[PDB]
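The block underneath contains the structure these notes are about, expressed in C-alpha coordinates.
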Protein chains: 2
Amino acid sequence: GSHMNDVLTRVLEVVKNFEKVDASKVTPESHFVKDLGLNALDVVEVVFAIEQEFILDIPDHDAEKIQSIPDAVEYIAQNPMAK
Amino acid sequence: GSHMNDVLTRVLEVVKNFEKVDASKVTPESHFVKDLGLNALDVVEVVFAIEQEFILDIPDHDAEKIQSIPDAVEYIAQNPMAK
(Lines give C-alpha, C1' and ligand atoms only; values in the text may rest on other atoms or scores of the structure.)
Protein backbone atom coordinates (compact mmCIF):
# COMPACT_ATOMS: atom_id res chain seq x y z
CA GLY A 1 0.00 0.00 0.00
CA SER A 2 0.97 3.65 0.41
CA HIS A 3 0.27 6.74 2.50
CA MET A 4 -1.53 8.33 -0.44
CA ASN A 5 -3.78 5.30 -0.82
CA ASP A 6 -4.37 5.28 2.94
CA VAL A 7 -5.57 8.89 2.70
CA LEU A 8 -7.70 8.27 -0.40
CA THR A 9 -9.39 5.24 1.17
CA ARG A 10 -10.60 7.30 4.14
CA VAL A 11 -11.64 10.33 2.07
CA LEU A 12 -13.68 7.98 -0.11
CA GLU A 13 -15.61 6.59 2.82
CA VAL A 14 -16.24 10.06 4.29
CA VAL A 15 -17.63 11.31 0.98
CA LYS A 16 -19.66 8.18 0.20
CA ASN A 17 -21.32 8.20 3.64
CA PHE A 18 -22.31 11.89 3.50
CA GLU A 19 -26.08 12.03 3.30
CA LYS A 20 -26.37 14.50 0.40
CA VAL A 21 -23.94 12.46 -1.73
CA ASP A 22 -25.04 9.70 -4.09
CA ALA A 23 -22.34 7.16 -3.25
CA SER A 24 -22.70 5.40 -6.62
CA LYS A 25 -21.29 8.50 -8.33
CA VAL A 26 -18.17 8.73 -6.13
CA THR A 27 -14.79 8.02 -7.74
CA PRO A 28 -11.25 8.87 -6.63
CA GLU A 29 -11.51 11.91 -9.01
CA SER A 30 -14.96 13.20 -7.98
CA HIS A 31 -15.31 16.97 -7.98
CA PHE A 32 -17.79 17.93 -5.25
CA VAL A 33 -19.92 20.24 -7.42
CA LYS A 34 -19.15 19.29 -11.03
CA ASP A 35 -19.43 15.54 -10.36
CA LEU A 36 -21.46 15.05 -7.18
CA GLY A 37 -23.75 18.04 -7.66
CA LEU A 38 -23.25 19.42 -4.14
CA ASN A 39 -24.18 22.98 -3.21
CA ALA A 40 -22.11 25.45 -1.23
CA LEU A 41 -23.45 24.29 2.15
CA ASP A 42 -22.85 20.61 1.34
CA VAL A 43 -19.23 21.36 0.44
CA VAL A 44 -18.59 23.11 3.74
CA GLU A 45 -20.00 20.21 5.74
CA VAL A 46 -18.25 17.55 3.62
CA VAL A 47 -14.87 19.24 3.99
CA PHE A 48 -15.46 19.48 7.75
CA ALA A 49 -16.31 15.77 7.92
CA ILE A 50 -13.06 15.10 6.05
CA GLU A 51 -11.35 17.27 8.69
CA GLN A 52 -12.87 15.29 11.55
CA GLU A 53 -11.82 11.98 9.98
CA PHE A 54 -8.16 13.08 10.03
CA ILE A 55 -8.32 14.96 13.38
CA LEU A 56 -7.21 18.02 11.41
CA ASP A 57 -8.11 21.71 11.43
CA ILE A 58 -7.65 23.36 8.03
CA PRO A 59 -7.73 27.18 8.01
CA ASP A 60 -10.65 28.53 6.01
CA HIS A 61 -8.42 29.98 3.26
CA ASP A 62 -7.27 26.51 2.17
CA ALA A 63 -10.43 24.65 3.16
CA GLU A 64 -12.15 26.71 0.45
CA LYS A 65 -9.61 25.44 -2.09
CA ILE A 66 -10.74 21.83 -1.45
CA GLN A 67 -13.34 21.19 -4.17
CA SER A 68 -12.69 17.53 -5.06
CA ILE A 69 -11.49 14.22 -3.70
CA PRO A 70 -8.10 14.72 -5.44
CA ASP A 71 -7.81 18.17 -3.82
CA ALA A 72 -8.64 16.68 -0.41
CA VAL A 73 -6.29 13.71 -0.85
CA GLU A 74 -3.43 15.86 -2.19
CA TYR A 75 -3.81 18.29 0.72
CA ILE A 76 -4.27 15.79 3.56
CA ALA A 77 -1.38 13.55 2.48
CA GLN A 78 1.01 16.53 2.46
CA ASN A 79 -0.08 17.72 5.91
CA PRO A 80 2.33 16.23 8.47
CA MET A 81 -0.06 16.81 11.41
CA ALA A 82 -2.59 14.47 9.74
CA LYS A 83 -3.90 11.46 11.66
CA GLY B 1 -10.42 4.95 10.16
CA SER B 2 -7.20 6.18 11.76
CA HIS B 3 -3.50 6.60 11.06
CA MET B 4 -2.51 3.82 13.44
CA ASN B 5 -4.99 1.46 11.75
CA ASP B 6 -3.61 2.44 8.33
CA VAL B 7 -0.12 1.41 9.45
CA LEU B 8 -1.43 -1.72 11.16
CA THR B 9 -3.32 -2.79 8.02
CA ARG B 10 -0.19 -2.60 5.94
CA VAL B 11 2.02 -4.28 8.55
CA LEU B 12 -0.47 -7.15 8.81
CA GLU B 13 -0.28 -7.80 5.08
CA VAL B 14 3.52 -7.66 5.04
CA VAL B 15 3.68 -10.24 7.83
CA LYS B 16 0.91 -12.49 6.50
CA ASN B 17 2.53 -12.60 3.06
CA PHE B 18 5.96 -13.57 4.40
CA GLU B 19 6.94 -17.06 3.26
CA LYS B 20 7.93 -18.41 6.69
CA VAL B 21 4.69 -17.12 8.37
CA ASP B 22 1.37 -18.96 8.65
CA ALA B 23 -1.01 -16.11 7.75
CA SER B 24 -3.92 -17.60 9.68
CA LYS B 25 -2.13 -17.06 13.03
CA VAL B 26 -1.32 -13.34 12.52
CA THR B 27 -3.17 -10.79 14.70
CA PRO B 28 -2.43 -7.16 15.60
CA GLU B 29 -0.72 -8.56 18.74
CA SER B 30 1.40 -11.34 17.20
CA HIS B 31 4.90 -11.70 18.62
CA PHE B 32 7.27 -12.82 15.91
CA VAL B 33 8.92 -15.58 17.95
CA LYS B 34 6.45 -16.83 20.54
CA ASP B 35 3.37 -16.59 18.26
CA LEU B 36 4.62 -16.95 14.69
CA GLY B 37 7.61 -19.23 15.36
CA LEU B 38 10.11 -17.12 13.42
CA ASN B 39 13.81 -17.11 14.19
CA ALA B 40 16.08 -14.07 14.24
CA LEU B 41 16.93 -14.51 10.53
CA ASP B 42 13.22 -14.56 9.68
CA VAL B 43 12.58 -11.47 11.82
CA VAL B 44 15.30 -9.52 10.03
CA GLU B 45 13.73 -10.33 6.67
CA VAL B 46 10.32 -9.37 8.04
CA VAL B 47 11.78 -6.08 9.34
CA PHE B 48 13.33 -5.51 5.90
CA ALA B 49 9.96 -6.09 4.19
CA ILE B 50 8.46 -3.55 6.60
CA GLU B 51 11.23 -1.12 5.62
CA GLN B 52 10.31 -1.58 1.96
CA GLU B 53 6.57 -1.34 2.54
CA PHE B 54 6.93 2.05 4.24
CA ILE B 55 10.06 3.24 2.39
CA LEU B 56 11.81 3.64 5.72
CA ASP B 57 15.36 2.91 6.70
CA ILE B 58 15.13 1.69 10.29
CA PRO B 59 18.45 2.05 12.14
CA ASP B 60 19.73 -1.09 13.79
CA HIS B 61 19.11 0.47 17.22
CA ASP B 62 15.35 0.61 16.53
CA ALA B 63 15.13 -2.50 14.33
CA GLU B 64 16.39 -4.70 17.19
CA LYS B 65 13.45 -3.60 19.34
CA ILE B 66 10.86 -4.70 16.74
CA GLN B 67 9.80 -8.19 17.88
CA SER B 68 6.02 -8.10 17.43
CA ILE B 69 3.38 -6.45 15.29
CA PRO B 70 2.62 -3.91 18.08
CA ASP B 71 6.34 -3.05 18.16
CA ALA B 72 6.35 -2.45 14.40
CA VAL B 73 3.11 -0.46 14.32
CA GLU B 74 4.05 1.75 17.29
CA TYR B 75 7.41 2.55 15.69
CA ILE B 76 6.17 3.12 12.15
CA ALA B 77 3.17 5.23 13.17
CA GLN B 78 5.41 7.55 15.24
CA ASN B 79 8.10 7.91 12.56
CA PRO B 80 7.45 11.13 10.59
CA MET B 81 9.20 9.71 7.54
CA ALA B 82 6.64 7.28 6.12
CA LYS B 83 4.98 6.15 2.93
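Identifiers in the C-alpha coordinates: chain A, B, ... in order shown; residue index from 1 per chain; ligand index from 1 in order shown.
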
Least-squares superposed chain B, target chain A, every Cα, as a PDB file with N, CA and C atoms, in the first residue's frame:
```pdb
ATOM      1  N   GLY B   1       0.524  -1.240  -0.362  1.00  0.00           N
ATOM      2  CA  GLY B   1      -0.201   0.023  -0.324  1.00  0.00           C
ATOM      3  C   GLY B   1       0.685   1.256  -0.337  1.00  0.00           C
ATOM      4  N   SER B   2       0.122   2.404   0.041  1.00  0.00           N
ATOM      5  CA  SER B   2       0.869   3.656   0.044  1.00  0.00           C
ATOM      6  C   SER B   2       0.149   4.657   0.929  1.00  0.00           C
ATOM      7  N   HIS B   3       0.892   5.684   1.354  1.00  0.00           N
ATOM      8  CA  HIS B   3       0.302   6.720   2.203  1.00  0.00           C
ATOM      9  C   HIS B   3      -0.795   7.483   1.480  1.00  0.00           C
ATOM     10  N   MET B   4      -0.587   7.793   0.199  1.00  0.00           N
ATOM     11  CA  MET B   4      -1.615   8.540  -0.515  1.00  0.00           C
ATOM     12  C   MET B   4      -2.876   7.702  -0.682  1.00  0.00           C
ATOM     13  N   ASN B   5      -2.722   6.387  -0.878  1.00  0.00           N
ATOM     14  CA  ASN B   5      -3.892   5.518  -0.974  1.00  0.00           C
ATOM     15  C   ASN B   5      -4.588   5.362   0.367  1.00  0.00           C
ATOM     16  N   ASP B   6      -3.828   5.359   1.470  1.00  0.00           N
ATOM     17  CA  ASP B   6      -4.440   5.346   2.798  1.00  0.00           C
ATOM     18  C   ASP B   6      -5.344   6.550   3.007  1.00  0.00           C
ATOM     19  N   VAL B   7      -4.857   7.741   2.645  1.00  0.00           N
ATOM     20  CA  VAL B   7      -5.667   8.948   2.778  1.00  0.00           C
ATOM     21  C   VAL B   7      -6.867   8.870   1.853  1.00  0.00           C
ATOM     22  N   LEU B   8      -6.623   8.459   0.606  1.00  0.00           N
ATOM     23  CA  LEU B   8      -7.698   8.395  -0.381  1.00  0.00           C
ATOM     24  C   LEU B   8      -8.805   7.465   0.085  1.00  0.00           C
ATOM     25  N   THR B   9      -8.432   6.301   0.624  1.00  0.00           N
ATOM     26  CA  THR B   9      -9.411   5.329   1.106  1.00  0.00           C
ATOM     27  C   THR B   9     -10.304   5.939   2.173  1.00  0.00           C
ATOM     28  N   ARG B  10      -9.715   6.722   3.068  1.00  0.00           N
ATOM     29  CA  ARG B  10     -10.554   7.285   4.109  1.00  0.00           C
ATOM     30  C   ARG B  10     -11.345   8.483   3.594  1.00  0.00           C
ATOM     31  N   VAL B  11     -10.801   9.257   2.650  1.00  0.00           N
ATOM     32  CA  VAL B  11     -11.615  10.342   2.094  1.00  0.00           C
ATOM     33  C   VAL B  11     -12.803   9.780   1.330  1.00  0.00           C
ATOM     34  N   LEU B  12     -12.598   8.679   0.596  1.00  0.00           N
ATOM     35  CA  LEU B  12     -13.688   8.114  -0.200  1.00  0.00           C
ATOM     36  C   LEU B  12     -14.837   7.706   0.695  1.00  0.00           C
ATOM     37  N   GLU B  13     -14.533   7.165   1.879  1.00  0.00           N
ATOM     38  CA  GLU B  13     -15.613   6.691   2.738  1.00  0.00           C
ATOM     39  C   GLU B  13     -16.313   7.846   3.430  1.00  0.00           C
ATOM     40  N   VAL B  14     -15.576   8.913   3.749  1.00  0.00           N
ATOM     41  CA  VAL B  14     -16.227  10.112   4.267  1.00  0.00           C
ATOM     42  C   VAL B  14     -17.221  10.650   3.246  1.00  0.00           C
ATOM     43  N   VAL B  15     -16.807  10.739   1.977  1.00  0.00           N
ATOM     44  CA  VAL B  15     -17.658  11.375   0.973  1.00  0.00           C
ATOM     45  C   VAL B  15     -18.839  10.483   0.635  1.00  0.00           C
ATOM     46  N   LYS B  16     -18.591   9.182   0.495  1.00  0.00           N
ATOM     47  CA  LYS B  16     -19.654   8.241   0.147  1.00  0.00           C
ATOM     48  C   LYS B  16     -20.728   8.204   1.225  1.00  0.00           C
ATOM     49  N   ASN B  17     -20.323   8.344   2.482  1.00  0.00           N
ATOM     50  CA  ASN B  17     -21.260   8.243   3.595  1.00  0.00           C
ATOM     51  C   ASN B  17     -21.973   9.546   3.895  1.00  0.00           C
ATOM     52  N   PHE B  18     -21.630  10.629   3.202  1.00  0.00           N
ATOM     53  CA  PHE B  18     -22.334  11.887   3.395  1.00  0.00           C
ATOM     54  C   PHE B  18     -23.745  11.831   2.821  1.00  0.00           C
ATOM     55  N   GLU B  19     -24.693  12.408   3.579  1.00  0.00           N
ATOM     56  CA  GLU B  19     -26.120  12.196   3.339  1.00  0.00           C
ATOM     57  C   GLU B  19     -26.605  12.836   2.042  1.00  0.00           C
ATOM     58  N   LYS B  20     -25.933  13.873   1.549  1.00  0.00           N
ATOM     59  CA  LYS B  20     -26.359  14.505   0.308  1.00  0.00           C
ATOM     60  C   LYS B  20     -25.620  13.969  -0.923  1.00  0.00           C
ATOM     61  N   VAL B  21     -24.783  12.936  -0.757  1.00  0.00           N
ATOM     62  CA  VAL B  21     -23.973  12.323  -1.816  1.00  0.00           C
ATOM     63  C   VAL B  21     -24.577  10.981  -2.219  1.00  0.00           C
ATOM     64  N   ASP B  22     -24.689  10.737  -3.527  1.00  0.00           N
ATOM     65  CA  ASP B  22     -24.937   9.383  -4.033  1.00  0.00           C
ATOM     66  C   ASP B  22     -23.610   8.635  -4.078  1.00  0.00           C
ATOM     67  N   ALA B  23     -23.453   7.627  -3.202  1.00  0.00           N
ATOM     68  CA  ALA B  23     -22.176   6.934  -3.060  1.00  0.00           C
ATOM     69  C   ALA B  23     -21.739   6.253  -4.347  1.00  0.00           C
ATOM     70  N   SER B  24     -22.689   5.804  -5.169  1.00  0.00           N
ATOM     71  CA  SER B  24     -22.320   5.069  -6.366  1.00  0.00           C
ATOM     72  C   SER B  24     -21.599   5.929  -7.399  1.00  0.00           C
ATOM     73  N   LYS B  25     -21.666   7.259  -7.300  1.00  0.00           N
ATOM     74  CA  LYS B  25     -21.000   8.130  -8.270  1.00  0.00           C
ATOM     75  C   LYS B  25     -19.595   8.564  -7.862  1.00  0.00           C
ATOM     76  N   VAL B  26     -19.164   8.241  -6.644  1.00  0.00           N
ATOM     77  CA  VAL B  26     -17.917   8.752  -6.073  1.00  0.00           C
ATOM     78  C   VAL B  26     -16.724   7.961  -6.608  1.00  0.00           C
ATOM     79  N   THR B  27     -15.746   8.650  -7.198  1.00  0.00           N
ATOM     80  CA  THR B  27     -14.468   8.065  -7.592  1.00  0.00           C
ATOM     81  C   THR B  27     -13.346   8.877  -6.972  1.00  0.00           C
ATOM     82  N   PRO B  28     -12.102   8.390  -7.050  1.00  0.00           N
ATOM     83  CA  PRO B  28     -10.961   9.224  -6.622  1.00  0.00           C
ATOM     84  C   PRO B  28     -10.819  10.555  -7.366  1.00  0.00           C
ATOM     85  N   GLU B  29     -11.559  10.793  -8.450  1.00  0.00           N
ATOM     86  CA  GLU B  29     -11.479  12.066  -9.158  1.00  0.00           C
ATOM     87  C   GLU B  29     -12.755  12.897  -9.071  1.00  0.00           C
ATOM     88  N   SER B  30     -13.691  12.551  -8.191  1.00  0.00           N
ATOM     89  CA  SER B  30     -14.970  13.250  -8.166  1.00  0.00           C
ATOM     90  C   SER B  30     -14.785  14.702  -7.749  1.00  0.00           C
ATOM     91  N   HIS B  31     -15.382  15.602  -8.523  1.00  0.00           N
ATOM     92  CA  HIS B  31     -15.482  17.009  -8.168  1.00  0.00           C
ATOM     93  C   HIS B  31     -16.795  17.220  -7.441  1.00  0.00           C
ATOM     94  N   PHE B  32     -16.734  17.921  -6.304  1.00  0.00           N
ATOM     95  CA  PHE B  32     -17.903  17.977  -5.438  1.00  0.00           C
ATOM     96  C   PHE B  32     -19.112  18.535  -6.181  1.00  0.00           C
ATOM     97  N   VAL B  33     -18.919  19.590  -6.967  1.00  0.00           N
ATOM     98  CA  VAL B  33     -20.044  20.259  -7.614  1.00  0.00           C
ATOM     99  C   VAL B  33     -20.385  19.625  -8.958  1.00  0.00           C
ATOM    100  N   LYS B  34     -19.428  19.540  -9.882  1.00  0.00           N
ATOM    101  CA  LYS B  34     -19.821  19.084 -11.214  1.00  0.00           C
ATOM    102  C   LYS B  34     -20.133  17.592 -11.264  1.00  0.00           C
ATOM    103  N   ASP B  35     -19.562  16.779 -10.369  1.00  0.00           N
ATOM    104  CA  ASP B  35     -19.802  15.336 -10.382  1.00  0.00           C
ATOM    105  C   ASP B  35     -20.780  14.870  -9.322  1.00  0.00           C
ATOM    106  N   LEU B  36     -20.735  15.423  -8.112  1.00  0.00           N
ATOM    107  CA  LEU B  36     -21.613  14.949  -7.056  1.00  0.00           C
ATOM    108  C   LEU B  36     -22.785  15.878  -6.777  1.00  0.00           C
ATOM    109  N   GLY B  37     -22.888  16.998  -7.491  1.00  0.00           N
ATOM    110  CA  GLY B  37     -24.046  17.870  -7.387  1.00  0.00           C
ATOM    111  C   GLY B  37     -24.231  18.576  -6.063  1.00  0.00           C
ATOM    112  N   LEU B  38     -23.176  18.697  -5.267  1.00  0.00           N
ATOM    113  CA  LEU B  38     -23.262  19.372  -3.982  1.00  0.00           C
ATOM    114  C   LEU B  38     -23.186  20.882  -4.155  1.00  0.00           C
ATOM    115  N   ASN B  39     -23.839  21.607  -3.248  1.00  0.00           N
ATOM    116  CA  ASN B  39     -23.693  23.052  -3.217  1.00  0.00           C
ATOM    117  C   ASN B  39     -22.609  23.441  -2.212  1.00  0.00           C
ATOM    118  N   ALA B  40     -22.387  24.749  -2.067  1.00  0.00           N
ATOM    119  CA  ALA B  40     -21.315  25.210  -1.191  1.00  0.00           C
ATOM    120  C   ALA B  40     -21.584  24.847   0.266  1.00  0.00           C
ATOM    121  N   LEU B  41     -22.853  24.848   0.699  1.00  0.00           N
ATOM    122  CA  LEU B  41     -23.167  24.395   2.055  1.00  0.00           C
ATOM    123  C   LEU B  41     -22.820  22.925   2.225  1.00  0.00           C
ATOM    124  N   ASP B  42     -23.189  22.080   1.251  1.00  0.00           N
ATOM    125  CA  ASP B  42     -22.805  20.673   1.343  1.00  0.00           C
ATOM    126  C   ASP B  42     -21.289  20.524   1.424  1.00  0.00           C
ATOM    127  N   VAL B  43     -20.554  21.266   0.591  1.00  0.00           N
ATOM    128  CA  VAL B  43     -19.100  21.086   0.524  1.00  0.00           C
ATOM    129  C   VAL B  43     -18.462  21.419   1.862  1.00  0.00           C
ATOM    130  N   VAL B  44     -18.944  22.482   2.509  1.00  0.00           N
ATOM    131  CA  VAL B  44     -18.452  22.848   3.829  1.00  0.00           C
ATOM    132  C   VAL B  44     -18.668  21.708   4.819  1.00  0.00           C
ATOM    133  N   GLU B  45     -19.842  21.071   4.781  1.00  0.00           N
ATOM    134  CA  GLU B  45     -20.063  19.981   5.720  1.00  0.00           C
ATOM    135  C   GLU B  45     -19.222  18.774   5.352  1.00  0.00           C
ATOM    136  N   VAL B  46     -18.949  18.575   4.066  1.00  0.00           N
ATOM    137  CA  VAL B  46     -18.050  17.494   3.664  1.00  0.00           C
ATOM    138  C   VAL B  46     -16.626  17.793   4.128  1.00  0.00           C
ATOM    139  N   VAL B  47     -16.172  19.037   3.929  1.00  0.00           N
ATOM    140  CA  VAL B  47     -14.862  19.460   4.428  1.00  0.00           C
ATOM    141  C   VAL B  47     -14.777  19.270   5.945  1.00  0.00           C
ATOM    142  N   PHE B  48     -15.849  19.604   6.671  1.00  0.00           N
ATOM    143  CA  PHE B  48     -15.821  19.422   8.122  1.00  0.00           C
ATOM    144  C   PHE B  48     -15.702  17.943   8.486  1.00  0.00           C
ATOM    145  N   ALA B  49     -16.423  17.065   7.774  1.00  0.00           N
ATOM    146  CA  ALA B  49     -16.304  15.634   8.046  1.00  0.00           C
ATOM    147  C   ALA B  49     -14.904  15.116   7.738  1.00  0.00           C
ATOM    148  N   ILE B  50     -14.249  15.690   6.726  1.00  0.00           N
ATOM    149  CA  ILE B  50     -12.846  15.366   6.459  1.00  0.00           C
ATOM    150  C   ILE B  50     -11.959  15.862   7.598  1.00  0.00           C
ATOM    151  N   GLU B  51     -12.276  17.036   8.164  1.00  0.00           N
ATOM    152  CA  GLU B  51     -11.493  17.530   9.294  1.00  0.00           C
ATOM    153  C   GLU B  51     -11.601  16.589  10.479  1.00  0.00           C
ATOM    154  N   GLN B  52     -12.794  16.024  10.698  1.00  0.00           N
ATOM    155  CA  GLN B  52     -13.005  15.132  11.830  1.00  0.00           C
ATOM    156  C   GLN B  52     -12.447  13.745  11.563  1.00  0.00           C
ATOM    157  N   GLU B  53     -12.438  13.307  10.304  1.00  0.00           N
ATOM    158  CA  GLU B  53     -11.871  12.000  10.015  1.00  0.00           C
ATOM    159  C   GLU B  53     -10.372  11.993  10.275  1.00  0.00           C
ATOM    160  N   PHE B  54      -9.687  13.079   9.935  1.00  0.00           N
ATOM    161  CA  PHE B  54      -8.240  13.135  10.066  1.00  0.00           C
ATOM    162  C   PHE B  54      -7.791  13.983  11.249  1.00  0.00           C
ATOM    163  N   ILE B  55      -8.721  14.436  12.094  1.00  0.00           N
ATOM    164  CA  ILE B  55      -8.385  15.223  13.278  1.00  0.00           C
ATOM    165  C   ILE B  55      -7.480  16.371  12.851  1.00  0.00           C
ATOM    166  N   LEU B  56      -7.919  17.094  11.835  1.00  0.00           N
ATOM    167  CA  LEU B  56      -7.192  18.229  11.308  1.00  0.00           C
ATOM    168  C   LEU B  56      -8.084  19.447  11.407  1.00  0.00           C
ATOM    169  N   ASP B  57      -7.483  20.588  11.675  1.00  0.00           N
ATOM    170  CA  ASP B  57      -8.200  21.842  11.550  1.00  0.00           C
ATOM    171  C   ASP B  57      -7.620  22.471  10.294  1.00  0.00           C
ATOM    172  N   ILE B  58      -8.455  22.600   9.274  1.00  0.00           N
ATOM    173  CA  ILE B  58      -8.031  23.117   7.980  1.00  0.00           C
ATOM    174  C   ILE B  58      -8.371  24.601   7.973  1.00  0.00           C
ATOM    175  N   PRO B  59      -7.386  25.491   7.855  1.00  0.00           N
ATOM    176  CA  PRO B  59      -7.692  26.921   7.834  1.00  0.00           C
ATOM    177  C   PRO B  59      -8.549  27.253   6.630  1.00  0.00           C
ATOM    178  N   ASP B  60      -9.321  28.334   6.756  1.00  0.00           N
ATOM    179  CA  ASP B  60     -10.249  28.687   5.691  1.00  0.00           C
ATOM    180  C   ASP B  60      -9.517  28.915   4.377  1.00  0.00           C
ATOM    181  N   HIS B  61      -8.274  29.401   4.433  1.00  0.00           N
ATOM    182  CA  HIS B  61      -7.509  29.618   3.210  1.00  0.00           C
ATOM    183  C   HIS B  61      -7.336  28.316   2.423  1.00  0.00           C
ATOM    184  N   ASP B  62      -7.072  27.199   3.117  1.00  0.00           N
ATOM    185  CA  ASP B  62      -6.903  25.933   2.417  1.00  0.00           C
ATOM    186  C   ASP B  62      -8.197  25.147   2.261  1.00  0.00           C
ATOM    187  N   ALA B  63      -9.193  25.381   3.119  1.00  0.00           N
ATOM    188  CA  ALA B  63     -10.478  24.712   2.944  1.00  0.00           C
ATOM    189  C   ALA B  63     -11.197  25.189   1.684  1.00  0.00           C
ATOM    190  N   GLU B  64     -11.076  26.481   1.350  1.00  0.00           N
ATOM    191  CA  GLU B  64     -11.745  27.006   0.161  1.00  0.00           C
ATOM    192  C   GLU B  64     -11.239  26.353  -1.119  1.00  0.00           C
ATOM    193  N   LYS B  65      -9.987  25.897  -1.131  1.00  0.00           N
ATOM    194  CA  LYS B  65      -9.426  25.285  -2.325  1.00  0.00           C
ATOM    195  C   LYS B  65      -9.883  23.847  -2.531  1.00  0.00           C
ATOM    196  N   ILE B  66     -10.454  23.212  -1.506  1.00  0.00           N
ATOM    197  CA  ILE B  66     -10.843  21.803  -1.561  1.00  0.00           C
ATOM    198  C   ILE B  66     -12.203  21.710  -2.251  1.00  0.00           C
ATOM    199  N   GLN B  67     -12.210  21.341  -3.538  1.00  0.00           N
ATOM    200  CA  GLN B  67     -13.452  21.236  -4.300  1.00  0.00           C
ATOM    201  C   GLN B  67     -13.616  19.884  -4.987  1.00  0.00           C
ATOM    202  N   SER B  68     -12.753  18.927  -4.695  1.00  0.00           N
ATOM    203  CA  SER B  68     -12.806  17.619  -5.325  1.00  0.00           C
ATOM    204  C   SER B  68     -12.084  16.655  -4.405  1.00  0.00           C
ATOM    205  N   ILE B  69     -12.249  15.366  -4.675  1.00  0.00           N
ATOM    206  CA  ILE B  69     -11.525  14.374  -3.885  1.00  0.00           C
ATOM    207  C   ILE B  69     -10.021  14.473  -4.127  1.00  0.00           C
ATOM    208  N   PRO B  70      -9.531  14.672  -5.362  1.00  0.00           N
ATOM    209  CA  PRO B  70      -8.086  14.938  -5.500  1.00  0.00           C
ATOM    210  C   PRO B  70      -7.617  16.133  -4.678  1.00  0.00           C
ATOM    211  N   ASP B  71      -8.387  17.223  -4.634  1.00  0.00           N
ATOM    212  CA  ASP B  71      -7.978  18.369  -3.820  1.00  0.00           C
ATOM    213  C   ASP B  71      -7.814  17.962  -2.361  1.00  0.00           C
ATOM    214  N   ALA B  72      -8.784  17.208  -1.833  1.00  0.00           N
ATOM    215  CA  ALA B  72      -8.730  16.792  -0.436  1.00  0.00           C
ATOM    216  C   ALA B  72      -7.562  15.857  -0.171  1.00  0.00           C
ATOM    217  N   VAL B  73      -7.358  14.868  -1.046  1.00  0.00           N
ATOM    218  CA  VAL B  73      -6.313  13.881  -0.809  1.00  0.00           C
ATOM    219  C   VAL B  73      -4.929  14.518  -0.921  1.00  0.00           C
ATOM    220  N   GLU B  74      -4.727  15.390  -1.916  1.00  0.00           N
ATOM    221  CA  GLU B  74      -3.435  16.060  -2.063  1.00  0.00           C
ATOM    222  C   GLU B  74      -3.108  16.905  -0.839  1.00  0.00           C
ATOM    223  N   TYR B  75      -4.110  17.599  -0.299  1.00  0.00           N
ATOM    224  CA  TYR B  75      -3.893  18.441   0.868  1.00  0.00           C
ATOM    225  C   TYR B  75      -3.638  17.606   2.112  1.00  0.00           C
ATOM    226  N   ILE B  76      -4.484  16.604   2.357  1.00  0.00           N
ATOM    227  CA  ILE B  76      -4.362  15.834   3.587  1.00  0.00           C
ATOM    228  C   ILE B  76      -3.057  15.049   3.597  1.00  0.00           C
ATOM    229  N   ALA B  77      -2.704  14.434   2.467  1.00  0.00           N
ATOM    230  CA  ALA B  77      -1.498  13.614   2.424  1.00  0.00           C
ATOM    231  C   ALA B  77      -0.241  14.435   2.696  1.00  0.00           C
ATOM    232  N   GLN B  78      -0.227  15.701   2.275  1.00  0.00           N
ATOM    233  CA  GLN B  78       0.918  16.585   2.462  1.00  0.00           C
ATOM    234  C   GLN B  78       0.950  17.251   3.831  1.00  0.00           C
ATOM    235  N   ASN B  79      -0.149  17.229   4.569  1.00  0.00           N
ATOM    236  CA  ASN B  79      -0.191  17.884   5.869  1.00  0.00           C
ATOM    237  C   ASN B  79       0.475  16.990   6.907  1.00  0.00           C
ATOM    238  N   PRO B  80       1.543  17.445   7.571  1.00  0.00           N
ATOM    239  CA  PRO B  80       2.207  16.559   8.539  1.00  0.00           C
ATOM    240  C   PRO B  80       1.326  16.220   9.725  1.00  0.00           C
ATOM    241  N   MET B  81       0.497  17.153  10.190  1.00  0.00           N
ATOM    242  CA  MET B  81      -0.495  16.805  11.197  1.00  0.00           C
ATOM    243  C   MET B  81      -1.553  15.936  10.530  1.00  0.00           C
ATOM    244  N   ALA B  82      -1.797  14.754  11.085  1.00  0.00           N
ATOM    245  CA  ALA B  82      -2.724  13.821  10.456  1.00  0.00           C
ATOM    246  C   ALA B  82      -3.031  12.702  11.431  1.00  0.00           C
ATOM    247  N   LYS B  83      -4.185  12.082  11.236  1.00  0.00           N
ATOM    248  CA  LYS B  83      -4.558  10.932  12.041  1.00  0.00           C
ATOM    249  C   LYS B  83      -5.346   9.950  11.196  1.00  0.00           C
TER     250      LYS B  83
END
```

* DSSP alpha helix (DSSP H) residues within chain A, listed as a VMD selection string -> chain A and resid 3 to 17 40 to 53 60 to 63 69 to 78
